[PDB]
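> Experimental coordinates for this protein are included below, preceded by the sequence.
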Amino acid sequence: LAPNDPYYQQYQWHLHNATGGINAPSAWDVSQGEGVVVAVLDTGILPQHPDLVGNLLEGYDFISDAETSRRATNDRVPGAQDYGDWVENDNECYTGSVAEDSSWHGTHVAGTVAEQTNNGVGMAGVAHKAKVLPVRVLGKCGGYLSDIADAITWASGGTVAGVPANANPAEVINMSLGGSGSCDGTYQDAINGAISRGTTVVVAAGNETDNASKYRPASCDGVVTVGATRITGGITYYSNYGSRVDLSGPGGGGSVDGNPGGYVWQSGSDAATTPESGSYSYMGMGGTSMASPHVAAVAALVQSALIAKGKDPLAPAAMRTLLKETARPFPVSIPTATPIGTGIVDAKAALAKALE
Ligand SMILES: [Ca+2]
């Protein structure tokens, strides 16, 4: 499939480039992810973005701190509106932290997953007939372990006190987020609950040019930990690495690969602070955060194809083996000290194996 989105051809190398893209044109002839729900645990969402609306469920805001969520209370509320995660001053988040504009990070991630495609508007997405369930866990200066833990439980269909039952349990969870420290008992239990409910959990390896075993949920047992590659198919300068990384996806090499080839492109805003301070747009970003949703969306394409054929969806362990086993080996040498999994996720190879 060669869709008509205006900026797809020139910008979206991560979809279609022969050496760094995930072979989406060919996968899209088999599956677009219809019927599957991907939960995006992130900064929240711009719910009326015109290239997203239509593929979004209402979702939920798990941030239990008014100063972080920028809401009027510490409650968790229905809906996932991103209020903006800008930080006005250096050092507000921690000693050494730097002021920055709002990221609209979860709208970017959600676009990778399911940006409306072949609609004559903007950019494309991978699982463009799936639904995104947006679950806001990150705000000003980030988020809290126990909000992220609970969001996992709820997104995968488990019960969380104070939150109404999730009417749309997710086949896949994406976590384009992490922190310092190897996996703790709280994260692992939450992850374990999600797996026991049939949910595949896909996470970003992290961007510290460091061993993924030192970060979470990168280092947690049972998840699909995703490294970052360049348009060239080589490791990015920032990708974490190590035996915990299962495979990679396009993260964008950064300025070394220029504009547009250094960046992943999707739905966003140019707003600096609140949503109202700017307008809907398309942004280019780099990180393992951008690689992870490509993998999470491929998992969605596969569950959807299996169901469409009346076959049984894969359990989490099977899904992870499949993604790993069908990854395209790197077109450029990966340094021995920094392994980033079996290869670059290949949506078409993943589909061909699953379907027989
Ligand atoms: Ca579009």
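Cool, got the structure. Numbering: from 1, shown residues only.

> Over in the stretch 201-350 of the chain, which residue gets nearest the ion? Let me know.
residue 267 (8.2 Å; C-beta to the ion). Bear in mind the C-beta positions are built from the backbone N, C-alpha and C, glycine included.

> surely residue 70 meets residue 138?
No - applying C-beta atoms under 8 Å, one finds residue 70 not in contact with residue 138, separated by 11.9 Å.

> Mind checking which of the two has more residues around it?
Just comparing residue 70 and residue 138: by other C-beta atoms under 10 Å the higher neighbour count belongs to residue 138, 26 against 18.

> That one and residue 48, how far apart?
Distance of residue 138 to residue 48, computed by C-beta to C-beta, to the nearest Å: 20 Å.

> Can you tell me the SS state at residue 320?
Here residue 320 is recorded as helix under DSSP: H, G, I helix; E, B strand; the rest coil.

> Look up the closest residue to it, ignoring the ones flanking it.
residue 224 (5.0 Å; C-beta to C-beta, 6 or more residues apart in numbering).

> Show the contacting residues for that neighbour.
Residue 224 makes contacts with 200-203, 246-247, 295-296, 299, 319-320, 323, as judged by C-beta atoms under 8 Å, 6 or more residues apart in numbering.

> Ok, residue 232 next?
By C-beta under 8 Å, 6+ apart, residue 232 lies in contact with 19-20, 253, 257, 331-332.

> Give me the distance between it and residue 64.
From residue 232 across to residue 64, the span is 43 Å (C-beta to C-beta).

> Strands - which of the contacts of residue 224 land there?
200-203, 247 (DSSP state E).

> Can you say which two of those residues are spatially most distant?
201 and 247 (14.5 Å; C-beta to C-beta).

> Leaving out sequence neighbours, find the closest residue to the residue of the stretch 201-350 of the chain closest to the ion.
Spatial nearest neighbour of residue 267, excluding adjacent residues (C-beta to C-beta, 6+ apart): residue 111 at 3.7 Å.

> from what I can see the one you found touches residue 53, true?
No - using C-beta under 8 Å, residue 111 is not in contact with residue 53, being 11.8 Å away.

> more neighbours, the two?
Just comparing residue 111 and residue 53: by other C-beta under 10 Å the higher neighbour count belongs to residue 111, 33 against 12.

> quick one: the more buried one is in a helix?
Yes - counting by three-state DSSP, residue 111 is found in a helix.

> Tell me the secondary structure at the closest residue to residue 259 other than its chain neighbours.
Counting by C-beta to C-beta, 6+ apart, residue 259 lies nearest to residue 284, which is 7.2 Å off, once chain neighbours are set aside. Assigned with three-state DSSP, residue 284 falls in the strand class.

> can you count the residues close to residue 284?
Residues within reach of residue 284, counting by other C-beta under 10 Å, total 17.

> and it, what does it touch?
Residue 284 makes contact with 11, 252, 259-260, 262-265 under the criterion C-beta under 8 Å, 6+ apart.

> I'd like those as a markdown table, with distance to the ion appended.
Formatted as a markdown table, these follow (distance: C-beta to the ion, whole Å):
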| residue | distance to the ion |
| --- | --- |
| 11 | 11 |
| 252 | 19 |
| 259 | 20 |
| 260 | 16 |
| 262 | 22 |
| 263 | 17 |
| 264 | 15 |
| 265 | 11 |
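
> In strands only, show me the residues you listed.
Using DSSP E, the members of the contacts of residue 284 that fall in strands are 264-265.

> filter the contacts of residue 284 to the buried ones?
Taking 16 or more other C-beta atoms under 10 Å as the criterion, what is buried in the contacts of residue 284 is 11, 252, 260, 262-265.
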